[PDB]
Structures are given as C-alpha cells and as structure tokens.
Amino acid sequence: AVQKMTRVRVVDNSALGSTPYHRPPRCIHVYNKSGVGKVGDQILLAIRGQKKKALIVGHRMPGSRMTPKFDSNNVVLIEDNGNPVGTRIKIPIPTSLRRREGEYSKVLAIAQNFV
Amino acid sequence: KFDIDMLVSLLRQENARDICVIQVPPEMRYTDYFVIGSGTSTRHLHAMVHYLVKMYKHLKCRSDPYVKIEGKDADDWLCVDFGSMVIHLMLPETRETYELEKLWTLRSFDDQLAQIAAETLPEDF
Amino acid sequence: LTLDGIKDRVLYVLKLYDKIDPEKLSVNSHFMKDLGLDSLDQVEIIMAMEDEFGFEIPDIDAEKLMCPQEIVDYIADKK
Amino acid sequence: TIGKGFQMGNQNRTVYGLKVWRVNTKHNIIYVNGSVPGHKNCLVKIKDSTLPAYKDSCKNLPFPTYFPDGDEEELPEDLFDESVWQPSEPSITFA
Amino acid sequence: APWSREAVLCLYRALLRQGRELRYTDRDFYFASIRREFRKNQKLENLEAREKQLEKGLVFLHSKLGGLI
Amino acid sequence: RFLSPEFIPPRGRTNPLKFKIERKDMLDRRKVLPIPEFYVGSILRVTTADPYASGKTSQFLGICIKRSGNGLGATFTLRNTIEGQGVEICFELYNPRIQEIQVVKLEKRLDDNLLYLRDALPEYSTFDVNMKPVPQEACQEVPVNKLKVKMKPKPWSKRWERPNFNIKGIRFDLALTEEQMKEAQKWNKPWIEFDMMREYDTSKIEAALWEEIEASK
RNA sequence: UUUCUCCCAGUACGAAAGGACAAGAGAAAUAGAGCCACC
C-alpha cells in the first residue's frame, strides 16, 4: 500500500537512483483512479532533486492469500517514452505483472530475478 | 495455430536483422519463450511489429484474445506480448545497450546485473 | 587416407577462415611470425580444422605444430 | 436488514443477481453466490431473478415446481454447476 | 596463461556448433557475439580469473548453450 | 493422535451440519491430496500449480509461522528469506491448485506464532530453499526448537515485551532491561489467567472428531 | 451508479491521409444496500 509519503527504495541502476542521496525518495501520489498504490501501479518519484516516473513492484502492506508479502517497498524507474530508465533490476520482482492490465513487458524483460 | 516456429519464420520473412529467442525451463515460473528482435529503423520496427500481429490474428488464436501493441510511440523499443511468446523489438544499437539477451541467457550471471548499486537514505535528524 | 587430400583440405580449412590474411598460405606457412597470429587466432584456426576431420585434436600438442604441414602430419599419424 | 438500534436497520432489502452454484437435495440446501442481508438463522425469501436478461429462465426448469412425488427420475443428492469444481476431483493444474 | 589451453580450444568450437544448432536466434549475430566475447575477455586474464571464465563456459557448453534456444 | 486444527469448529450459532458436510468434503480432498502433519516452526515445501505459468508447478520453502482458519478454508503461512528479502506466503490447505505438500523439516518452535521472527535477526529466518528433508520419527513428538532469537532495535511491529503476548522465544534480557519489562508488565491483567469466561472446552468435540476422521480413511 | 480499455475493426467510410458506429467482453472508480470464508 504505497499511500502518501511512504519512503521507498529505488531498485534500479539509473544514475539518479543509483547515486546515494541524503534525502529518501518519496511518493505522495499514484497514477490511478484510487489514491493507494500497489504492485504494478505507476508513480512519480522525486530522486536527486528531479522527478521521474516509477513502477511499483513490491509493498509492505499485507497481501491476499497465495501471494508473498514483501518487507520493503521496491520501485522501478520508467522514462517518459515508456522505456525503463534503468537497464537492469536487482530485487526479485513478482511475475504477476505480466497478467496485470497495462504495459509491463518492457519492465519484466529488464527484471533479472523473478519470484 | 500461431506458435514460435511460425513467428520466427515470419520475422525472417520481413528481414529481422537480429532475433534472439530464449526458452524457459519448467522450473523457472515465467513465459516459455522470450524473444528479442532488432530492426534497422523505426519505420522497419513499425512494419515488422504490425506484420506479426496481423499474422497472429489471422492464424487461428480464436481462444486467445487480440493482442495490443506496446511501445509503438517509442522509436527504439517496441514489444508485443503474445500468448506463449514475448517479442521485444528494438534498433541494433539499442540491442547492445540493453543486452536483453544476456539477461535471459545468463539468468544470474549477466554482467549488467552487477552494475546495479545500493544507496543510503538516512533521516535529516 | 590420402596425404595429398589432407594437405589440400588442411589448406582449404585454413583458407576458409576470413580473419587471417592468406598473403602467403604455403604448406610451410608459420603462424606466430609468418602470419602474425595471436593466441586466439591459433585457438580458432585449429577448431576449423577439427570440424572438417571430426576433432579429437587436443591443444597440448596442437599449438606446438605452428604450421599446416605439421598438423597434416599429426592428422596423418593419428588416423 | 439487521437492526443497529437508535443512532436503524430492521428493514426489508433485496439483493439481485445472485447465482446458484449447488443444491443439496438431502438437506434441501441451496448455495447462492454473494452475501444475503440479515443475521444468521434468519428466514429469507427466494424467488426467480427479475432482471431483464433472465426474463425467461423457467422454460428449462420445473414449470410449476419440482415434484418429488412424481419421481420420474431420482435426482442426485448434491447438484453441481458445470464450472464448480467438485470435492474429491483431481487437483487443478493451470495447463 | 590458461591452466589448460585445451579447454579454451574445445570451448570455442563447441560454441560454434551450438550456433549452427540454434534455430530461433539469428545465427549471424550469435557467431559475431561469441567472437567478440572471446576477444574482449580472453586476451588478458589471471590464472584464477581465467579458470572461472573457462569453467563457467564449460557449464555454458554442457547446458544446452545455457538456455539459448 | 494428531487432530488438525481446521477440523475443530469455532464456537458460534452456525449449524453443526455445515461442519459435518465440510469435514466430509475435506476428508475426500485429503484422499486426493495428502496433508502431512506439521506445526508452527516446521519448515515445509509446498507444490502448487502456477496460474501465470502453463503446466509448470511452484515449490516454496519456508518455516511455518502461523496457522489460521477452520474447515475447508483453513490456511497456513510459511516464512523464508529469498535473495535477502523476507517473504511470507499463505497457502490454503484444500485449494485444488496445491499439487503437493512436503514437510521438509518437521519441528516445533517455542511460541505458537512466529511473527516476532520479523523483528529477529535474519539468520533465524533464513532457510535454504533447496535443503533436503531431514529424518523424522513418526511415533514421536515433533522436535521442539528452544533456541531464543535475538531482536533488532527496540522499534518493533508489536510490543512482544507485553505479558499478553507472552513470547517465550525472545531474548528480551539482551535488548530490554528488567525495569522495561516491569513497564510492559503493567498490562499484566492477572485475572485473565484465572478468567473462565474466555475458556472454550473442545475435549469432547476433539475426541468425537478423531473417530469420524479415521472412519472416512 | 459512473468512467476507462478491448472487441466489433485499419473494417464502414475515404483518391489517399485518415478513421466510425450500434452490439458484445474485460477492467476499474464511486454511490447505495449488505456481508465476515479469508485478511
């Protein structure tokens, strides 16, 4: 449940995300009709004093049965053109994104680890 | 029916410069086949992407629904997700930069995987 | 086995590879000095020969051959 | 509806479009999709769906009613819908 | 440099054989990529590092070309 | 005689007939799929059919941390750390899409709930997914792990120090002083240990259930 | 209750460019009336 605020971890090799910064990246909205952000929901993440779109891949909110509950909030950066900002993803990514409605093939291709 | 062998032949028919297909063993819980395609120019990328979908719709797939085309707006990366195979179409130069082939061929041994780094996010006070 | 066939065929497989320049592809064409071949070059050149004749050639003595006629002899005496 | 006291409730309400999944003949138990207003052990009224789509569904059902007295063909104790996965069936594999 | 150059030779040939046995991929690109891979890495390496490179390729060799299909 | 928790019905006004019918269906499914005996703290490997994948099964290994639900809707959760990420998956016992259930290591832990392991060190929660089954004795009690886990800094998900939780597997002394325990003990509610209004007797019910389960076999 | 996507269909139409209907399906959102198998 990526609600307002909700400090998050940038799982990407993008220069902004990869470079350490003293302020954590924050998520204070979601690209959805509802205000709550879950796995597969686009967001906009303020990183290194810049705003970049990111895709949620994990959350710490309890999930439905038969699904794994993550302990950290993980996101993947996506460019305006639609291609991922980063060329690789480190943290395991759930495979449910494929069937989820939306364009997730590009992100999944960049995901090395699947759980 | 529309299967891997038909699509790859169709990709060759439209003169795909670079094609990479990676099979997935039953142990790995993802699509059976992952496909990466090169195309000389964005015009070529649009043409090849349209050709595969048109053949797919004609070639039975009645049980499967119609497949939308993703990434047509991008001039360097178009990806179409079919029922049993996913084709990622890009320019030749874009191919090396992303190295999608390395990711699937080396599931955990890809060099670019190491390129990812970590960070520290302490509070101000 | 035909020694002449091996000699010409060994030359043919050497000729097949494009990277090496057959400026002087004689039966006594040396690799390190005559053709200026790197370690990888002799690594791959032997493999092209192995494909034609069914491999079984190990590099323990193949890299010491240093010329088409010597590999021809090694092929001839192992056949 | 369940009464909530002074603040409510205790008023008749209707839920529409509930599918029937299975019926138990021995105990006369009907399995109805979704939730039903009211508390447990509360009497409810059951009648055919009045939605426009299901205008004429009784044509293939007992028109007046089902008569066990006739006993033209003894019905199974448990009736299942085709999509319903019956217990004791093989484990479902998404092949 | 290598612990045994014999493995390097067999490794290069086997990669070529699988390329000719690889249908769905574009054989042209695979041959070029393998040639580049040999040139980039094998020119300079350490004995311990070189052992990993040849050893991993041997598993790559013995594992249906490491999933390339 | 190990009576599985789901068979025991919960108190309420629901008709007992539902449990009898539910148990019959549960017993029939048990014949199709064998449900091994396990307890919280045991490491299990469960085989399930993958909906996203086509004709490919999934096996997840983790220590059992919680058992919940009754009847056909009973579920169990097992926890593990994969790629350094703690993950908990809830599996429904009678779901048709669970192909097989394997108890890799049958054992018990100090507490009936292991949610505090999230606050414990990662090593106590890390388990090898590929670990082979360990020998077990059928006609014996499951091994009880008495190791006390070490906690992370004071901020925790729950106040395990409070007497109500009554966690017996936490090294509170290392992370909490005796004075801090006394503050936690302020919520003792000692009458609760002696309160007969929160006690539910299922001795007769448990005994009756045993014959019914065995009879179906 | 409202919205979006898909489908119909790159079809009708149009020299091309471009580009529909209606009918059907899936997703959500909110409102209303309820419900506790699971969380």
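Top line first, the protein sequences correspond to chains L, u, w, E, v and Q.
Counting along the first sequence from 1, when you hit position 52 you're at 82 in the authors' numbering, and nothing is skipped either side.
Counting along the second sequence from 1, when you hit position 66 you're at 150 in the authors' numbering, and nothing is skipped either side.
Counting along the third sequence from 1, when you hit position 13 you're at 86 in the authors' numbering, and nothing is skipped either side.
When you line the fourth sequence up against the authors' numbering, it's residues 210 to 216, 261 to 348, in that order.
Counting along the fifth sequence from 1, when you hit position 50 you're at 51 in the authors' numbering, and nothing is skipped either side.
Counting along the sixth sequence from 1, when you hit position 12 you're at 85 in the authors' numbering, and nothing is skipped either side.
Note that CB positions come from ideal geometry on N, CA and C, so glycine has one too.
- Looking at Q/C137, Q/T130, Q/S141, the one whose alpha-carbon comes closest to that of Q/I81 is Q/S141.
- Secondary structure of u/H128 (DSSP, three-state): helix.
- Q/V202 is outside the set of residues whose beta carbon lies under 8 Å from a beta carbon in chain L.
- Pairing L/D101 with Q/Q158, the inter-Cα distance amounts to about 7 Å.
- Among the residues facing chain u, Q/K205 is not included, as its CB has no counterpart in that chain under 8 Å away.
- When E/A306, E/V297, E/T303, E/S302 are compared, the shortest CA-CA separation from E/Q264 is found for E/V297.
- Neighbours of Q/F267 in chain L, taken as residues at a C-beta separation under 9 Å, are lacking, since the least C-beta distance is about 34 Å.
- Under the Cβ criterion of 8 Å, u/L162 is not counted among the residues facing chain v.
- Counting only Cβ-Cβ distances below 8 Å, L/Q142 has contacts in chain u at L187, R191, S192, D194, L197, in chain order.
- Q/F164 and Q/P109 have their alpha carbons spaced roughly 14 Å apart.
- A distance below 8 Å separates the beta carbons of Q/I243 and Q/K221.
- Taking 8 Å as the CB threshold, Q/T199 stays off the interface with chain L.
- In the structure shown, u/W188 adopts helical secondary structure according to DSSP, grouped into three states.
- Between the region 140–150 of chain u and the region 124–134 of chain L, the count of C-beta pairs closer than 8 Å stays below three; the two stretches do not touch.
- Non-local C-beta neighbours of E/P290 in its own chain, meaning closer than 6 Å and more than five positions away in sequence, comprise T210, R266, ordered along the chain.
- Counting only the Cα atoms, Q/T148 lies some 20 Å from Q/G85.
- At least 8 Å separates the CB of Q/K227 from every CB of chain u.
- By the CB criterion at 8 Å, L/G65 and L/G116 fall outside the cutoff.
- Within chain L, the C-beta atoms nearer than 7 Å to that of Q/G159 come from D101, in chain order.
- For the C-beta of Q/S127, the chain E residues within less than 8 Å are, from N- to C-terminus, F347, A348.
- In the three-state DSSP reduction, Q/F92 falls in the helix class (H, G or I).
- Ranked by Cα distance from w/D91, the first of w/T75, w/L108, w/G78 is w/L108.
- Bridge partners of Q/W260 according to DSSP: none are assigned.
- Note: Q/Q175 is bridge-paired with Q/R118 in the DSSP secondary-structure output.
- Here L/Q142 is buried, its C-beta having at least 16 other C-beta atoms within 10 Å.
- For Q/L106, the chain E residues whose Cβ falls inside 7 Å of its Cβ are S344, in order along the chain.
- Comparing C-alpha distances from Q/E156 to each of u/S192, u/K138, u/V119, u/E180 shows the shortest one belongs to u/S192.
- Here the region 118–134 of chain u makes contact with the region 156–172 of chain u; the two share three or more CB pairs at distances below 8 Å.
- In the displayed model, u/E183 falls within coil according to three-state DSSP, outside both helix and strand.
- Boundaries of the alpha helix (DSSP H) around L/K136: 135–139.
- Taking 8 Å as the cut-off, the beta carbon of L/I73 is found no closer than this to the beta carbon of L/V40.
- Per DSSP, the beta bridge partners of u/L162 are u/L173.
- In the three-state reduction of the DSSP assignment, v/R14 falls in the helix class.
- A residue is called buried once 16 or more other Cβ atoms fall within 10 Å of its Cβ, and Q/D268, having fewer, is exposed.
- Here the alpha carbon of Q/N239 sits roughly 7 Å from the alpha carbon of Q/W233.
- Chain order gives the chain Q residues near u/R113 as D123, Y125, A126, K129, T130, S131, where near means a beta carbon separation below 9 Å.
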